[PDB]
Every structure is written in structure tokens, then in C-alpha cells.
Trainee: 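I have a structure I would like to understand better, so I am pasting it below and will then ask my questions one at a time.
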Amino acid sequence: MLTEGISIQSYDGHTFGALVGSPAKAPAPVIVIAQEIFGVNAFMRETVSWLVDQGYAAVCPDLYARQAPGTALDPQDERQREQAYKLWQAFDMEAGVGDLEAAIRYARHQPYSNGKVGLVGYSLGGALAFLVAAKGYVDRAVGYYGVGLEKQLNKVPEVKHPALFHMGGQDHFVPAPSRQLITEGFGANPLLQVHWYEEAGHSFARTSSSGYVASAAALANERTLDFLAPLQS
């Protein structure tokens, strides 16, 4: 689901829609939420609701609009998971970073904005949160279980603003040598914070996942909110 009539223009003219949640009380910082591989679906709506309940505004851009606008997939339906994997495989990461930059710009100038913008991503969005952090487009970035971060370690010194990452210890997208490479490499830049959750894999913060872990989801979530709180005016 997306908010009817919201259209944001990216760097190459491609346009995309977004799910927007205005804040309980304005002015407030705006959080751009970077989706998993399922489009702007139930978990994105729940994440918008959560951040609004915590005093933020939120904007979740339709990142699959370059391939299929308005895609919103149920991660519990096998056929939809299959479509999600095909969209992820064809996803242009560089164009995704550009769409996020355009949504972050849109976020800064909304009537209810206090001028500070944060980004929270999960999954594809967690990998995107690291690329956005290396670019410096936001005041603070958060990534949950981003895939393939071990292949982007050369971007670690480009990070000039705080960025926080929650990684699962039983996430098999990140085997033991990849965890060591990420821990050592991120550890060279104090603006990067990474936490490992020993008993959790990916998607541990999503209640609909077979990988949901309540204790890990709650500790990561409170860390995320403590980390975003300095953006509140």
C-alpha cells in the first residue's frame, strides 16, 4: 500500500510513490524506511505505525517502482516469495540508493519536518542503509540484517555520519568468516555501530517471519529508538 497522490522524482526522472505517515505532533524528524524484498507491504505499514507512535514522521518509498510499481507481497505466500526473489535478483542497487536520496530530500522539506532525517532499512534496505551512510545523505542510518555487507568494506572510511547495524548470529547469509570481516572492518570507524544477536537469523524483527525472535527484536528496536532520539528537536 502507498499514500494516494504522493509522487517523488529521482535523479533520472523516474518517479515513484510512497507510504507516508505524518507525525502525532509537528515539527518532527522524518524517517525514510528502506523496504525488505517484499515491496511496501504489511511490515512496512507496521514500521510506519511504530515510528509515528514514537514521535517521528515516516516515508516508505516504492523502491520496486522501476520494475513493477505498487508491488506489496505477502512473505507467507510461496508464489509471492518467488516473485520477491525475482525482483530482488533484478534490483539495481545504485538506482535504489538514488531513489532513497530523492526520498530523503523529499523528507527534509515536508511541512511537518524539523529538518532532520533518518533512515531505517531491513534486508535489502539494510544493505541500502550502509550505501546511503557511505554517501552521507542522512543524519543517522540504521540497518537490520543487510545482506552482503562484507563486500562493501572498502566504503567504511567514507561514513561521515552515525550508522547502526543489527546483525543476526544465526543468519546464514553471513557465515563465520563474513562476520569477522564485517566486525573488524566496521570497527575501524567509530561512527559505525554493529550489534550481533546470537540466537537470531535474518528477519528477526518481523513478527510474520519464521525467524522472528522477540528478545532480539525488542533489544534491537530499543537501540534503534535510542539511536534516532537525538534527531527529535
Side-chain angles (χ1 to χ4, degrees), residues 10-12 29-37 56 59 61 63 88 91-108 114-198 200-202 204-205 216 219-232:
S10 203
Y11 65 92
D12 63 344
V30 189
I31 306 297
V32 172
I33 304 159
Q35 61 172 79
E36 300 176 294
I37 60 166
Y56 297 88
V59 177
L63 301 187
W88 181 21
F91 190 79
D92 182 340
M93 291 294 286
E94 314 92 79
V97 170
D99 284 348
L100 281 171
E101 171 187 37
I104 286 150
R105 274 198 41 71
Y106 171 95
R108 326 207 81 103
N114 83 347
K116 300 277 198 66
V117 186
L119 180 146
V120 179
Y122 296 84
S123 192
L124 176 65
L128 291 163
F130 180 73
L131 307 171
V132 171
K135 284 286 164 170
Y137 300 146
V138 290
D139 298 297
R140 300 206 170 197
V142 179
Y144 282 75
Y145 28 81
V147 180
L149 298 178
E150 76 284 358
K151 300 190 68 176
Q152 301 302 320
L153 266 15
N154 266 82
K155 300 185 180 262
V156 162
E158 286 168 37
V159 182
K160 300 304 197 72
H161 299 297
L164 167 63
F165 298 86
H166 300 298
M167 297 290 282
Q170 288 181 26
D171 183 353
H172 293 274
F173 274 119
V174 195
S178 292
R179 168 161 181 182
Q180 196 173 246
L181 290 173
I182 290 152
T183 302
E184 293 172 348
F186 275 43
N189 188 347
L191 288 162
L192 280 171
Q193 314 178 3
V194 50
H195 290 287
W196 301 83
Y197 301 81
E198 306 308 337
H202 57 82
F204 72 68
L219 179 51
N221 283 345
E222 77 187 36
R223 281 170 171 169
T224 295
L225 290 175
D226 283 351
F227 179 84
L228 295 172
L231 299 181
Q232 294 186 330

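We're numbering straight along the sequence, starting at 1.
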Trainee: On a heavy-atom basis, which atom in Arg108 and which in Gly115 lie closest, and how many Å separate them?
Mentor: NH2-O, 3.4 Å
Trainee: Using a 6.0 Å cut-off, check whether atom CD of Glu158 has over 12 heavy atoms from anything other than its own residue.
Mentor: yes
Trainee: Compare every heavy atom of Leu191 with every heavy atom of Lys160, then report the nearest pair and how far apart it is.
Mentor: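 In terms of heavy atoms, the two residues are closest at C-CD1, 3.6 Å.
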Trainee: Kindly compute the distance separating CH2 (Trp88) from CD (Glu36), expressed to the nearest 0.5 Å.
Mentor: 11.0 Å
Trainee: Do the non-hydrogen side-chain atoms of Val138 and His161 ever get within less than 4.5 Å of each other?
Mentor: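 They are not in contact (no side-chain heavy atoms under 4.5 Å apart), so the answer is no.
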Trainee: Return the minimal non-hydrogen interatomic distance between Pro230 and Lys116, and the atom names on each side.
Mentor: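 So the minimum-distance heavy-atom pair works out to O-NZ, 3.8 Å.
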Trainee: Could you check if a side-chain atom of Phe130 sits within less than 4.5 angstrom of a side-chain atom of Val156, using non-hydrogen atoms only?
Mentor: yes
Trainee: Of all the heavy-atom pairs spanning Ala205 and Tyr122, show the shortest one and how long it is.
Mentor: CB-CE2, 4.5 Å
Trainee: Is any side-chain heavy atom of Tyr106 closer than 4.5 Å to a side-chain heavy atom of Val32?
Mentor: no
Trainee: Could you grab the distance from atom OH of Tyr144 to atom CG of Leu164, nearest 0.5 Å is fine?
Mentor: 7.5 Å
Trainee: Less than 4.5 Å apart, side chain to side chain, heavy atoms only: is that true for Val132 and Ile104?
Mentor: yes
Trainee: Quick check: closest heavy atoms across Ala141 and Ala129, and the distance to 0.1 Å?
Mentor: CB-O, 4.1 Å
Trainee: Return yes when atom CZ of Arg179 has more than 12 non-hydrogen atoms of other residues, nucleotides or ligands closer than 6.0 Å, and no otherwise.
Mentor: yes
Trainee: Can you measure from CG (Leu63) to CZ (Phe91) and round to the nearest 0.5 angstrom?
Mentor: 5.0 Å
Trainee: Establish, yes or no, whether a centroid distance under 6.0 Å links the rings of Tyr145 and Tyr197.
Mentor: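 Here the rings of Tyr197 and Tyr145 have centres that are no less than 6.0 Å from each other.
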Trainee: Tell me whether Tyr56 contacts the main-chain N or O of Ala229 through its side chain, where contact means a donor paired with an acceptor under 3.5 Å.
Mentor: yes
Trainee: Just verifying a value: how many Å separate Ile182 CD1 and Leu192 CG, rounded to the nearest 0.5 Å?
Mentor: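 Those atoms lie 11.5 Å apart.
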Trainee: For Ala163 and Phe165, which heavy atoms make the closest approach, and how far apart are they?
Mentor: CB-CE1, 3.6 Å
Trainee: Apply side-chain contact (heavy atoms from CB on, under 4.5 Å) to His166 and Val142, showing your working.
Mentor: CA-CA 8 Å; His166 300 298; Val142 179; 4.0 Å; yes
Trainee: Can you check whether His202 reaches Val147 side chain to side chain, under 4.5 Å on heavy atoms?
Mentor: no
Trainee: For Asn154, is the CG atom crowded, meaning more than 12 foreign heavy atoms sit under 6.0 Å from it?
Mentor: no
Trainee: Mind checking the NE2-CZ spacing from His195 to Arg223? Nearest 0.5 Å is all I need.
Mentor: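 Answer for the NE2-CZ pair, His195 versus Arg223, is 4.0 Å.
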Trainee: Between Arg140 and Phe227 (side chain of the first, backbone of the second, donor and acceptor by atom type, cut-off under 3.5 Å), is there such a pair?
Mentor: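 Pair found, side chain donor or acceptor close to backbone of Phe227.
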Trainee: So how far is it from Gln170 CD to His172 NE2, rounded to the nearest 0.5 Å?
Mentor: 6.0 Å
Trainee: Is there a side-chain contact between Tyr137 and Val117 (heavy atoms, below 4.5 Å)?
Mentor: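 The answer is no; the side chains never approach within 4.5 Å.
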Trainee: Taking the side chain as every heavy atom from C-beta outward, state whether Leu149 and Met167 have any atom pair closer than 4.5 Å.
Mentor: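 Heavy-atom side-chain distance check passes, below 4.5 Å.
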Trainee: Less than 4.5 Å apart, any side-chain heavy atom of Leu100 and any of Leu131?
Mentor: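 No, every pair of side-chain atoms sits at 4.5 Å or beyond.
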Trainee: Using atom types as modelled and distance alone, determine if a side-chain donor or acceptor of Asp139 lies under 3.5 Å from a backbone N or O of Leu231.
Mentor: no
